[PDB]
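**Student:** Quick one: the structure is below, and I'll ask about it shortly.
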Amino acid sequence: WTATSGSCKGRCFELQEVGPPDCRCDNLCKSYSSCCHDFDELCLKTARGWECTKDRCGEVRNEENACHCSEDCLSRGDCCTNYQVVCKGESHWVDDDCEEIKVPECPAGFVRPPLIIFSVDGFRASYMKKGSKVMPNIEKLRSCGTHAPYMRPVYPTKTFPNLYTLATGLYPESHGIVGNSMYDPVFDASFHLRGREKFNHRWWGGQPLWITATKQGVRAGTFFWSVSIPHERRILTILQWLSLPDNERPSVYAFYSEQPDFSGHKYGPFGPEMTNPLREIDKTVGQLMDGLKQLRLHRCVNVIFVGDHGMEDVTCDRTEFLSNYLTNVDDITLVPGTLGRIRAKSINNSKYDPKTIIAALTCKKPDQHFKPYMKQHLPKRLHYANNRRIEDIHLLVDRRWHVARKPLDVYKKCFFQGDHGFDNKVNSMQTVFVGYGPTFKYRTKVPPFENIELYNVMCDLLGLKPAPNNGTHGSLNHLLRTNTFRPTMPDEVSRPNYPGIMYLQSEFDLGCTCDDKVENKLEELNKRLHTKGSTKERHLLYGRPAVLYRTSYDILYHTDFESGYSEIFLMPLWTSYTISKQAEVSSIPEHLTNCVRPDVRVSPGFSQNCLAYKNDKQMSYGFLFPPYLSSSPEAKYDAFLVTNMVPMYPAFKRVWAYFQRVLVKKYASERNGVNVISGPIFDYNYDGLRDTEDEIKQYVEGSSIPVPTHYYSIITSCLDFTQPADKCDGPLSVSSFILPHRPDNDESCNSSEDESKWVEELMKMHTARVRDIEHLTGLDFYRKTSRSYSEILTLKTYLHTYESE
Ligand SMILES: *[C@@H]1O[C@H](CO)[C@@H](O[C@@H]2O[C@H](CO)[C@@H](O[C@@H]3O[C@H](CO[C@H]4O[C@H](CO)[C@@H](O)[C@H](O[C@H]5O[C@H](CO)[C@@H](O)[C@H](O)[C@@H]5O[C@H]5O[C@H](CO)[C@@H](O)[C@H](O)[C@@H]5O)[C@@H]4O)[C@@H](O)[C@H](O[C@H]4O[C@H](CO)[C@@H](O)[C@H](O)[C@@H]4O[C@H]4O[C@H](CO)[C@@H](O)[C@H](O)[C@@H]4O)[C@@H]3O)[C@H](O)[C@H]2NC(C)=O)[C@H](O)[C@H]1NC(C)=O
Ligand SMILES: N#Cc1cc(-c2cc(OC3CC3)ccc2F)c(OCc2n[nH]c3cnccc23)cc1Cl
Ligand SMILES: [Ca+2]
Ligand SMILES: [Ca+2]
Ligand code: NA
Ligand code: NA
Ligand SMILES: [Zn+2]
């Protein structure tokens with residue numbers, strides 16, 4: 001209940017929220033149906049519009065007007081944004097030449113440059129170039145400030161997940177806003193765009209910027225604007241707040257535009273009807289900048305122009321229906337559209353089986369436009385699993401398509417021509433970033449980066465300590481003139497052992513065999529030196545990775561590769577090797593096909609054994625350093641060491657063998673050598689973080705050999721590919737993957753064909769950042785390069801996407 005007969009007199013857009021049943025004049029009052037009786041009259045004035053005209057110049061103040069053209073308006077902070085242009089012969093901000101802002105030029109009493117976040121819903125990245133002729137204000141921001149060619153949103157590429165990611169630096173799985181619609185089974189409650197339940201604070205995890213600010217003594221303007229408040233009024237409210245006295249004035253502000261998303265849904269991303277919404281957004285930017293200029297803040301405020309996601313062409317006719325696949329279609333609930341999420345209609349139905357639903361949705365039609373996944377099998381780059389609000393069954397929908405339960409759901413709801421929500425690496429979902437101000441760089445282009453990184457930077461811009469988040473603080477230092485955060489490398493927690501030869505052959509009883517009994521002082525000293533690390537500079541180019549948790553491991557040196565061998569997991573945590581452009585691929589000789597060799601540096605008790613694999617009818621093995629890339633017949637024996645073996649399902653060995661036999665050499669040819677680091681990952685609870693021993697759910701039968709959930713590789717070369725990988729003087733280039741270790745290739749519908757038609761496609765889908773691997777392994781890479789640490793942090797957040805331009 002609201003006693004709406006209090007008044008908003010002198011309280012319009014009050015920052016502090018007053019408590020029911022006392023009536024509200026703050027922004028959200030509309031959304032709670034709680035504004036005071038006179039809120040529209042006092043706070044939403046529209047009289048005479050939003051622009052001064054010559055005849056109004058120096059008028060007598062009339063408090064009914066939406067904005068003012070009277071001599072006292074500047075000191076009141078409530079002039080129309082074009083007041084100085086119309087009435088004082090000033091230029092619009094957009095018509096002024098741009099001039100470097102070397103230092104903040106702020107009015108007295110400003111403690112720090114304010115930050116304004118100008119967020120635009122549905123603003124696809126390519127609009128910056130394709131719409132540049134109709135967006136002069138935005139184009140000046142872009143060209144004069146710091147910009148990326150695009151910014152990667154998070155998955156799903158929907159509004160609230162992305163704007164709340166911007167606010168918190170967290171993946172949706174951690175912040176809790178995992179789509180625009182959700183069911184939380186602990187709460188037994190549903191979150192929707194419509195209605196009121198979405199304002200309940202239990203939906204919203206982490207700590208958004210406005211709370212981070214407030215807790216640290218920095219005042220914040222509103223981040224949420226009610227849909228009925230027009231854009232001109234949002235801008236005027238921000239400008240008025242900026243005119244407050246020093247002790248009352250916020251330091252961080254947000255503007256939000258529902259456009260171009262609103263029109264994009266109706267008309268498609270490049271519909272002719274899209275030109276107007278872009279013109280209008282640009283006009284709004286013009287109003288803000290003119291307003292800032294009038295208040296002498298245009299060379300003081302840092303402005304971020306940022307989108308939440310892009311927009312793709314999507315129509316009703318490109319809809320797949322689950323009713324064409326499942327018989328039981330009324331036993332399920334689908335969250336539909338540009339992604340699919342499936343759960344049981346009733347928890348009382350114990351005849352509901354996820355395995356049979358997945359199988360009925362897998363590779364059933366030749367051009368099928370969605371792919372089902374148990375959430376733990378989604379590409380790890382999506383970070384979309386560790387939340388009870390994300391249903392176990394997920395459908396990744398192809399760009400340009402929808403999924404629905406039944407046809408009736410589409411015509412009892414063609415209207416729309418645009419949508420978004422798809423995989424966050426899809427080009428059409430990419431959105432925009434521009435930063436303009438004293439703290440940003442001048443006329444600077446930066447590479448594309450992920451929106452999870454911005455929270456840290458916004459905290460840096462405001463002198464705030466960020467709450468714990470998924471950004472990598474320092475990775476965006478290259479955007480900034482000053483206020484950089486100077487991170488240090490994490491300390492190594494576990495130092496390795498360096499074992500020598502400590503065991504005789506006959507101490508091992510592993511059930512392994514190798515045809516290797518084949519016998520020189522020239523080559524005897526030479527092989528001793530390889531085992532003490534004489535080739536390690538060739539194979540370990542960026543130093544050894546640091547182990548950031550407590551464990552027991554050994555460094556093992558060899559002619560062609562170096563490894564960090566875990567005594568706890570009985571396999572390497574990592575294996576490092578360099579393949580030059582010139583290297584030759586060879587086969588596994590006939591006599592070595594089943595060869596596994598005890599490693600006399602490592603006890604039997606901390607070794608794998610061949611008998612376990614013999615007895616485990618589902619599990620085979622592979623090697624981390626590939627025998628195919630041995631430098632010589634003699635060196636090839638090292639590749640068959642039991643310490644280089646890892647457990648692999650035969651179906652996965654098809655993938656791994658093609659990667660090692662064909663792809664590594666291809667990449668060395670294309671990139672002028674590559675350094676490769678490969679290893680296992682264990683993420684049985686799908687939290688994106690390294691498992692401890694006691695979290696492992698599967699072992700090679702009858703043994704303590706833990707089975708990885710995934711295998712990674714990090715492939716590094718010289719960005720200047722005219723230099724070979726192993727003699728690179730400058731910046732590096734990386735691509736990585738985290739392949740799911742699956743007992744079938746059901747994910748790849750064309751897997752009956754030759755690996756050349758499907759393996760690389762799988763690997764592209766599971767592309768990853770080095771940082772993703774770091775989380776999953778507790779390893780810290782690139783510890784010894786000639787590069788700055790901030791540059792290395794940037795490299796570690798790079799994602800190789802495999803989209804064209
Ligand atoms: C991305 O960045 C984020 C942020 O840094 C990373 O997330 C952190 O990961 C940590 C490890 O997974 C995690 O630490 C745990 O926190 C527990 C306390 O948590 C509460 O308080 C914090 C701080 O204010 C708060 O942020 C949390 O908020 C979560 O939950 C509410 C809903 O209840 C949501 O509003 C919110 O969205 C958020 O949900 C997300 O996180 C939780 C896990 O915390 C998930 O379950 C959800 O799915 C969702 O993703 C909390 O309200 C603390 O109690 C834990 O301690 C246990 O583990 C330690 C290990 O040191 C052990 O020693 C203890 O014994 C203890 O175990 C006991 O409880 C067990 C479980 O009940 C039980 O089995 C044992 O037997 C014991 O009794 C732990 O320290 C941290 O909370 C989150 N933070 C956030 C914001 O998510 C994330 O990892 C990064 N991602 C990547 C890929 O790097
Ligand atoms: N950084 C950031 C940032 C966060 C938000 C946001 C606000 C929120 O407010 C609580 C009361 C729900 C919650 C989550 C958010 F992510 C945001 O919201 C703009 C918005 N105003 N009006 C809309 C209508 N629909 C969708 C979004 C908005 C804009 C930005 Cl720049
Ligand atoms: Ca949106
Ligand atoms: Ca884990
Ligand atoms: Na086997
Ligand atoms: Na298949
Ligand atoms: Zn939309």
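Ligands are numbered from 1 in the order shown, chains are lettered A, B, ... in the order of the structure tokens, and residues start at 1 in each chain.
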Taking only C-alpha atoms and all ligand atoms and a cut-off of 8 Å, can you tell me which residues surround ligand 7, written as a list in words?

**Tutor:**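 Taking only C-alpha atoms and all ligand atoms into account, the residues around ligand 7 at most 8 Å away are residues 121, 122, 158, 159, 261, 262, 264, 265, 311, 419 and 420 of chain A.
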
**Student:** Can you pull out every residue with an atom within 8 Å of ligand 5? Use only C-alpha atoms and all ligand atoms and format it as JSON, numbers by chain.

**Tutor:** {"A": [612, 613, 614, 615, 616, 617, 618, 619, 620, 621]}

**Student:** Would you output that residue set with N, CA, C and O atoms, as a PDB file, in the first residue's frame?

**Tutor:**
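out.pdb written:
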ATOM      1  N   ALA A 612      45.453 -51.521 -15.896  1.00  0.00           N
ATOM      2  CA  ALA A 612      44.212 -50.783 -15.704  1.00  0.00           C
ATOM      3  C   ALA A 612      43.525 -50.489 -17.024  1.00  0.00           C
ATOM      4  O   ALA A 612      42.300 -50.643 -17.131  1.00  0.00           O
ATOM      5  N   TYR A 613      44.292 -50.079 -18.031  1.00  0.00           N
ATOM      6  CA  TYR A 613      43.719 -49.798 -19.334  1.00  0.00           C
ATOM      7  C   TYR A 613      43.273 -51.060 -20.029  1.00  0.00           C
ATOM      8  O   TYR A 613      42.232 -51.068 -20.696  1.00  0.00           O
ATOM      9  N   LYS A 614      44.046 -52.128 -19.882  1.00  0.00           N
ATOM     10  CA  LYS A 614      43.618 -53.438 -20.413  1.00  0.00           C
ATOM     11  C   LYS A 614      42.253 -53.839 -19.819  1.00  0.00           C
ATOM     12  O   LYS A 614      41.332 -54.154 -20.545  1.00  0.00           O
ATOM     13  N   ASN A 615      42.114 -53.762 -18.505  1.00  0.00           N
ATOM     14  CA  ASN A 615      40.868 -54.126 -17.839  1.00  0.00           C
ATOM     15  C   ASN A 615      39.696 -53.154 -18.050  1.00  0.00           C
ATOM     16  O   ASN A 615      38.542 -53.565 -17.987  1.00  0.00           O
ATOM     17  N   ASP A 616      39.971 -51.867 -18.248  1.00  0.00           N
ATOM     18  CA  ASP A 616      38.900 -50.884 -18.471  1.00  0.00           C
ATOM     19  C   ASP A 616      38.500 -50.951 -19.931  1.00  0.00           C
ATOM     20  O   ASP A 616      39.189 -50.442 -20.833  1.00  0.00           O
ATOM     21  N   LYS A 617      37.381 -51.589 -20.185  1.00  0.00           N
ATOM     22  CA  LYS A 617      36.954 -51.804 -21.560  1.00  0.00           C
ATOM     23  C   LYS A 617      36.472 -50.512 -22.247  1.00  0.00           C
ATOM     24  O   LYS A 617      36.464 -50.435 -23.473  1.00  0.00           O
ATOM     25  N   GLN A 618      36.124 -49.488 -21.474  1.00  0.00           N
ATOM     26  CA  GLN A 618      35.733 -48.197 -22.061  1.00  0.00           C
ATOM     27  C   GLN A 618      36.898 -47.238 -22.317  1.00  0.00           C
ATOM     28  O   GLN A 618      36.754 -46.332 -23.117  1.00  0.00           O
ATOM     29  N   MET A 619      38.029 -47.422 -21.641  1.00  0.00           N
ATOM     30  CA  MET A 619      39.068 -46.396 -21.582  1.00  0.00           C
ATOM     31  C   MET A 619      40.332 -46.839 -22.292  1.00  0.00           C
ATOM     32  O   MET A 619      40.822 -47.932 -22.039  1.00  0.00           O
ATOM     33  N   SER A 620      40.876 -46.004 -23.158  1.00  0.00           N
ATOM     34  CA  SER A 620      42.182 -46.260 -23.741  1.00  0.00           C
ATOM     35  C   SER A 620      43.145 -45.149 -23.247  1.00  0.00           C
ATOM     36  O   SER A 620      42.896 -44.581 -22.207  1.00  0.00           O
ATOM     37  N   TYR A 621      44.256 -44.904 -23.923  1.00  0.00           N
ATOM     38  CA  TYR A 621      45.186 -43.883 -23.522  1.00  0.00           C
ATOM     39  C   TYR A 621      45.764 -43.155 -24.719  1.00  0.00           C
ATOM     40  O   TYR A 621      45.774 -43.659 -25.811  1.00  0.00           O
TER      41      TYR A 621
END

**Student:** Determine, using only C-alpha atoms and all ligand atoms, which residues of chain A have any atom at most 8 Å from an atom of ligand 4, and tabulate each with its shortest atom pair and distance in Å to one decimal place, rows ordered by chain and then rising number, as CSV.

**Tutor:**
residue,atom,partner,partner_atom_place_in_ligand_line,distance
A:682,CA,ligand 4,1 (Ca),6.7
A:683,CA,ligand 4,1 (Ca),3.9
A:684,CA,ligand 4,1 (Ca),5.7
A:685,CA,ligand 4,1 (Ca),4.9
A:686,CA,ligand 4,1 (Ca),5.4
A:687,CA,ligand 4,1 (Ca),4.8
A:688,CA,ligand 4,1 (Ca),5.6
A:689,CA,ligand 4,1 (Ca),4.2
A:690,CA,ligand 4,1 (Ca),4.8
A:691,CA,ligand 4,1 (Ca),4.2
A:692,CA,ligand 4,1 (Ca),7.6
A:695,CA,ligand 4,1 (Ca),7.6
A:776,CA,ligand 4,1 (Ca),7.1

**Student:** Dump the neighbourhood of ligand 2 as a ChimeraX atom specification: all residues within 7 Å, distances computed on only C-alpha atoms and all ligand atoms.

**Tutor:** /A:117-119,159-160,162-167,198-199,209,223-227,254-256

**Student:** Restricting the calculation to only C-alpha atoms and all ligand atoms: of A:45, A:671, A:351, A:383, which residue gets closest to ligand 1?

**Tutor:**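 Nearest candidate to ligand 1 out of A:45, A:671, A:351, A:383: A:383.
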
**Student:** Based on DSSP run over this structure's backbone, return all residues of stretch 453-664 of chain A in strand (DSSP E or B), as a ChimeraX atom specification.

**Tutor:** /A:480,494,497,513,546-547,553-557,562-566,571-579,595,597,620-623,641,645-648

**Student:** Quick one: residues within 6 Å of ligand 1, with only C-alpha atoms and all ligand atoms, as a ChimeraX atom specification?

**Tutor:** /A:170,173-176,204-206,386-388,468-470,688-689,775

**Student:** List the spatial neighbours of stretch 539-556 of chain A as a ChimeraX atom specification - criterion: any atom at most 8 Å away, only C-alpha atoms, same-chain residues fewer than 4 positions off excluded.

**Tutor:** /A:490-499,531,535,560-568,576-578,675,726,778-785

**Student:** Those same residues, written as a compact mmCIF listing (two decimals), in the first residue's frame with N, CA, C and O atoms?

**Tutor:**
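And here's again34.txt as it stands now:
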# COMPACT_ATOMS: atom_id res chain seq x y z
N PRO A 490 51.03 -13.63 -9.51
CA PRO A 490 50.81 -14.39 -8.29
C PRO A 490 52.05 -15.20 -7.89
O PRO A 490 52.82 -15.65 -8.74
N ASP A 491 52.24 -15.38 -6.60
CA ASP A 491 53.35 -16.16 -6.09
C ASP A 491 53.14 -17.65 -6.36
O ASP A 491 52.02 -18.14 -6.22
N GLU A 492 54.21 -18.35 -6.74
CA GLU A 492 54.14 -19.79 -6.89
C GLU A 492 53.91 -20.38 -5.49
O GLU A 492 54.51 -19.95 -4.54
N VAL A 493 52.99 -21.32 -5.38
CA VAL A 493 52.74 -21.97 -4.12
C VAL A 493 53.54 -23.26 -3.98
O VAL A 493 54.07 -23.52 -2.91
N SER A 494 53.64 -24.07 -5.03
CA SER A 494 54.35 -25.34 -4.94
C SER A 494 55.56 -25.32 -5.82
O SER A 494 55.43 -25.14 -7.02
N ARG A 495 56.71 -25.58 -5.24
CA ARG A 495 57.93 -25.70 -6.05
C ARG A 495 58.09 -27.13 -6.51
O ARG A 495 57.73 -28.06 -5.81
N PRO A 496 58.62 -27.32 -7.71
CA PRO A 496 58.74 -28.67 -8.21
C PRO A 496 59.91 -29.40 -7.60
O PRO A 496 60.82 -28.76 -7.06
N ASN A 497 59.87 -30.72 -7.71
CA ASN A 497 61.07 -31.56 -7.54
C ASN A 497 61.68 -31.78 -8.90
O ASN A 497 60.99 -31.73 -9.91
N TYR A 498 62.99 -32.02 -8.93
CA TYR A 498 63.73 -32.32 -10.13
C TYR A 498 64.36 -33.72 -9.98
O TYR A 498 65.54 -33.83 -9.68
N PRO A 499 63.59 -34.80 -10.20
CA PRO A 499 64.15 -36.14 -9.93
C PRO A 499 65.18 -36.55 -10.96
O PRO A 499 65.05 -36.24 -12.14
N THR A 531 68.11 -35.04 -20.56
CA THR A 531 67.41 -35.40 -19.32
C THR A 531 67.69 -34.42 -18.16
O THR A 531 66.91 -34.38 -17.21
N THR A 535 67.84 -28.93 -23.68
CA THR A 535 66.95 -28.36 -24.72
C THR A 535 65.78 -27.54 -24.14
O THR A 535 64.91 -27.10 -24.88
N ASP A 560 62.71 -33.50 -26.67
CA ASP A 560 61.64 -32.82 -27.44
C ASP A 560 60.53 -32.10 -26.64
O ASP A 560 59.70 -31.42 -27.24
N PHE A 561 60.52 -32.28 -25.33
CA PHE A 561 59.46 -31.75 -24.47
C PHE A 561 59.83 -31.76 -23.00
O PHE A 561 60.68 -32.57 -22.53
N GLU A 562 59.16 -30.89 -22.26
CA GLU A 562 59.33 -30.77 -20.81
C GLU A 562 57.95 -30.90 -20.19
O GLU A 562 56.98 -30.47 -20.79
N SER A 563 57.87 -31.51 -19.01
CA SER A 563 56.58 -31.67 -18.32
C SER A 563 56.68 -31.39 -16.83
O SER A 563 57.75 -31.47 -16.24
N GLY A 564 55.54 -30.98 -16.27
CA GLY A 564 55.32 -30.90 -14.82
C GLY A 564 54.40 -32.04 -14.48
O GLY A 564 53.17 -31.97 -14.76
N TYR A 565 54.96 -33.08 -13.87
CA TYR A 565 54.29 -34.37 -13.61
C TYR A 565 53.73 -34.45 -12.19
O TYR A 565 54.49 -34.33 -11.23
N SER A 566 52.41 -34.62 -12.06
CA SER A 566 51.76 -34.61 -10.75
C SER A 566 51.79 -35.98 -10.16
O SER A 566 51.23 -36.91 -10.74
N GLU A 567 52.39 -36.09 -8.98
CA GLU A 567 52.41 -37.34 -8.23
C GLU A 567 51.04 -37.69 -7.66
O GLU A 567 50.79 -38.84 -7.33
N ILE A 568 50.15 -36.71 -7.58
CA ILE A 568 48.82 -36.88 -7.00
C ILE A 568 47.83 -37.35 -8.07
O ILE A 568 47.11 -38.27 -7.86
N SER A 576 55.10 -29.14 -22.31
CA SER A 576 55.51 -28.01 -23.17
C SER A 576 56.48 -28.49 -24.27
O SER A 576 57.49 -29.17 -23.96
N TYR A 577 56.21 -28.11 -25.51
CA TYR A 577 57.08 -28.43 -26.62
C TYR A 577 56.96 -27.40 -27.76
O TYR A 577 55.90 -26.86 -28.00
N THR A 578 58.03 -27.23 -28.52
CA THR A 578 58.12 -26.27 -29.62
C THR A 578 58.34 -27.09 -30.89
O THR A 578 59.12 -28.05 -30.88
N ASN A 675 54.84 -22.97 -30.12
CA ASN A 675 55.04 -23.58 -28.83
C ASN A 675 53.69 -24.08 -28.37
O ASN A 675 52.70 -23.33 -28.44
N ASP A 726 60.41 -19.65 -31.70
CA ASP A 726 61.49 -19.74 -30.72
C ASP A 726 62.53 -18.62 -30.74
O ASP A 726 63.43 -18.65 -29.93
N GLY A 778 44.75 -24.14 -12.01
CA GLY A 778 45.57 -23.48 -10.97
C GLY A 778 46.98 -23.21 -11.40
O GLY A 778 47.86 -23.12 -10.55
N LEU A 779 47.21 -23.10 -12.72
CA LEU A 779 48.52 -22.79 -13.29
C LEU A 779 48.55 -21.33 -13.75
O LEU A 779 47.51 -20.72 -14.04
N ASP A 780 49.72 -20.74 -13.74
CA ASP A 780 49.92 -19.36 -14.18
C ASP A 780 51.00 -19.43 -15.26
O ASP A 780 52.15 -19.82 -14.95
N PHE A 781 50.62 -19.08 -16.49
CA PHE A 781 51.47 -19.15 -17.66
C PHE A 781 52.18 -17.82 -17.96
O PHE A 781 51.89 -16.81 -17.32
N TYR A 782 53.11 -17.85 -18.92
CA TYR A 782 53.83 -16.70 -19.43
C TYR A 782 54.54 -15.90 -18.34
O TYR A 782 54.52 -14.67 -18.34
N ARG A 783 55.15 -16.62 -17.41
CA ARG A 783 55.84 -16.00 -16.28
C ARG A 783 57.19 -15.39 -16.69
O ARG A 783 57.67 -14.52 -15.99
N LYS A 784 57.80 -15.83 -17.78
CA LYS A 784 59.15 -15.34 -18.20
C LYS A 784 59.14 -14.98 -19.64
O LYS A 784 59.48 -15.79 -20.49
N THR A 785 58.67 -13.79 -19.93
CA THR A 785 58.78 -13.21 -21.26
C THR A 785 59.50 -11.88 -21.16
O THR A 785 59.73 -11.36 -20.07

**Student:** Considering only C-alpha atoms, can you say which of A:303, A:358, A:725, A:504 comes closest to residue A:667?

**Tutor:** A:725

**Student:** So which residues of stretch 502-680 of chain A fall under helix (DSSP H, G or I) by DSSP, listed as a PyMOL selection string?

**Tutor:** chain A and resi 505-507+521-531+536-539+590-592+604-606+610-615+627-629+633-640+642-644+650-671

**Student:** How would the residues just picked look written out with C-alpha atoms as a PDB file, in the first residue's frame?

**Tutor:**
ATOM      1  CA  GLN A 505      63.344 -51.303 -14.503  1.00  0.00           C
ATOM      2  CA  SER A 506      62.565 -54.406 -12.460  1.00  0.00           C
ATOM      3  CA  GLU A 507      60.999 -52.429  -9.647  1.00  0.00           C
ATOM      4  CA  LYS A 521      79.993 -42.272 -25.389  1.00  0.00           C
ATOM      5  CA  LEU A 522      79.381 -39.430 -27.946  1.00  0.00           C
ATOM      6  CA  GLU A 523      75.568 -39.983 -27.843  1.00  0.00           C
ATOM      7  CA  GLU A 524      75.566 -41.165 -24.143  1.00  0.00           C
ATOM      8  CA  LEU A 525      76.669 -37.754 -22.690  1.00  0.00           C
ATOM      9  CA  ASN A 526      74.288 -36.103 -25.165  1.00  0.00           C
ATOM     10  CA  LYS A 527      71.142 -38.003 -23.933  1.00  0.00           C
ATOM     11  CA  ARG A 528      72.182 -37.397 -20.253  1.00  0.00           C
ATOM     12  CA  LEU A 529      72.221 -33.627 -20.935  1.00  0.00           C
ATOM     13  CA  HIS A 530      68.670 -33.721 -22.515  1.00  0.00           C
ATOM     14  CA  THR A 531      67.406 -35.403 -19.316  1.00  0.00           C
ATOM     15  CA  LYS A 536      64.538 -26.751 -22.193  1.00  0.00           C
ATOM     16  CA  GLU A 537      65.060 -23.188 -23.615  1.00  0.00           C
ATOM     17  CA  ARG A 538      63.790 -24.446 -26.972  1.00  0.00           C
ATOM     18  CA  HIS A 539      60.677 -26.156 -25.493  1.00  0.00           C
ATOM     19  CA  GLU A 590      55.151 -50.951 -36.074  1.00  0.00           C
ATOM     20  CA  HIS A 591      57.259 -52.330 -33.249  1.00  0.00           C
ATOM     21  CA  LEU A 592      56.307 -49.397 -30.920  1.00  0.00           C
ATOM     22  CA  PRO A 604      56.091 -47.263  -9.485  1.00  0.00           C
ATOM     23  CA  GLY A 605      53.732 -46.042  -6.740  1.00  0.00           C
ATOM     24  CA  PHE A 606      53.293 -42.659  -8.517  1.00  0.00           C
ATOM     25  CA  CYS A 610      48.963 -50.584 -18.442  1.00  0.00           C
ATOM     26  CA  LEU A 611      46.835 -53.297 -16.783  1.00  0.00           C
ATOM     27  CA  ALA A 612      44.212 -50.783 -15.704  1.00  0.00           C
ATOM     28  CA  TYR A 613      43.719 -49.798 -19.334  1.00  0.00           C
ATOM     29  CA  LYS A 614      43.618 -53.438 -20.413  1.00  0.00           C
ATOM     30  CA  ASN A 615      40.868 -54.126 -17.839  1.00  0.00           C
ATOM     31  CA  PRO A 627      55.222 -39.413 -30.843  1.00  0.00           C
ATOM     32  CA  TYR A 628      54.465 -38.197 -34.391  1.00  0.00           C
ATOM     33  CA  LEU A 629      56.588 -35.073 -33.792  1.00  0.00           C
ATOM     34  CA  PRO A 633      63.948 -42.219 -33.912  1.00  0.00           C
ATOM     35  CA  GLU A 634      65.968 -42.312 -30.709  1.00  0.00           C
ATOM     36  CA  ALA A 635      64.078 -39.355 -29.171  1.00  0.00           C
ATOM     37  CA  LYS A 636      60.732 -40.981 -30.055  1.00  0.00           C
ATOM     38  CA  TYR A 637      61.225 -43.508 -27.185  1.00  0.00           C
ATOM     39  CA  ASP A 638      60.760 -40.629 -24.680  1.00  0.00           C
ATOM     40  CA  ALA A 639      57.262 -40.093 -26.015  1.00  0.00           C
ATOM     41  CA  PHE A 640      56.242 -43.592 -24.864  1.00  0.00           C
ATOM     42  CA  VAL A 642      54.380 -43.842 -18.787  1.00  0.00           C
ATOM     43  CA  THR A 643      54.793 -40.329 -17.431  1.00  0.00           C
ATOM     44  CA  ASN A 644      53.607 -38.885 -20.826  1.00  0.00           C
ATOM     45  CA  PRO A 650      38.687 -44.201 -28.027  1.00  0.00           C
ATOM     46  CA  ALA A 651      36.165 -41.691 -29.439  1.00  0.00           C
ATOM     47  CA  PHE A 652      38.235 -38.814 -28.058  1.00  0.00           C
ATOM     48  CA  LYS A 653      41.463 -40.368 -29.438  1.00  0.00           C
ATOM     49  CA  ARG A 654      40.181 -39.754 -32.950  1.00  0.00           C
ATOM     50  CA  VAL A 655      40.082 -36.028 -32.135  1.00  0.00           C
ATOM     51  CA  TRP A 656      43.408 -35.943 -30.246  1.00  0.00           C
ATOM     52  CA  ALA A 657      45.273 -37.986 -32.866  1.00  0.00           C
ATOM     53  CA  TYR A 658      44.155 -35.672 -35.645  1.00  0.00           C
ATOM     54  CA  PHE A 659      45.141 -32.582 -33.629  1.00  0.00           C
ATOM     55  CA  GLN A 660      48.591 -34.073 -32.923  1.00  0.00           C
ATOM     56  CA  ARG A 661      49.300 -35.737 -36.315  1.00  0.00           C
ATOM     57  CA  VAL A 662      47.881 -33.102 -38.652  1.00  0.00           C
ATOM     58  CA  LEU A 663      46.988 -29.831 -36.955  1.00  0.00           C
ATOM     59  CA  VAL A 664      50.052 -29.020 -34.862  1.00  0.00           C
ATOM     60  CA  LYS A 665      52.245 -29.247 -37.976  1.00  0.00           C
ATOM     61  CA  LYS A 666      49.735 -27.150 -39.966  1.00  0.00           C
ATOM     62  CA  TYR A 667      49.852 -24.440 -37.378  1.00  0.00           C
ATOM     63  CA  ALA A 668      53.661 -24.516 -37.219  1.00  0.00           C
ATOM     64  CA  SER A 669      53.671 -24.086 -41.031  1.00  0.00           C
ATOM     65  CA  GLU A 670      51.153 -21.219 -40.951  1.00  0.00           C
ATOM     66  CA  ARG A 671      52.538 -19.387 -37.868  1.00  0.00           C
TER      67      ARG A 671
END

**Student:** Give the answer as one residue: which of A:178, A:359, A:229, A:292 has the shortest atom-to-atom distance to ligand 6, using only C-alpha atoms and all ligand atoms?

**Tutor:**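 Nearest to ligand 6: A:359.
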
**Student:** Around ligand 6, out to 8 Å and counting only C-alpha atoms and all ligand atoms, which residues are there? I want them as a CSV table (one decimal) with C-alpha atoms, in the first residue's frame.

**Tutor:**
chain,number,residue,atom,x,y,z
A,363,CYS,CA,21.5,-35.1,-35.1
A,744,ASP,CA,31.3,-40.4,-28.0
A,745,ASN,CA,31.4,-37.9,-30.7
A,746,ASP,CA,27.6,-37.2,-30.6
A,747,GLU,CA,28.3,-33.5,-30.6
A,748,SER,CA,29.8,-33.7,-34.1
A,749,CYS,CA,27.0,-34.9,-36.5
A,750,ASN,CA,29.5,-35.5,-39.3
A,751,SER,CA,31.9,-37.7,-37.1
A,752,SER,CA,31.4,-40.9,-39.2
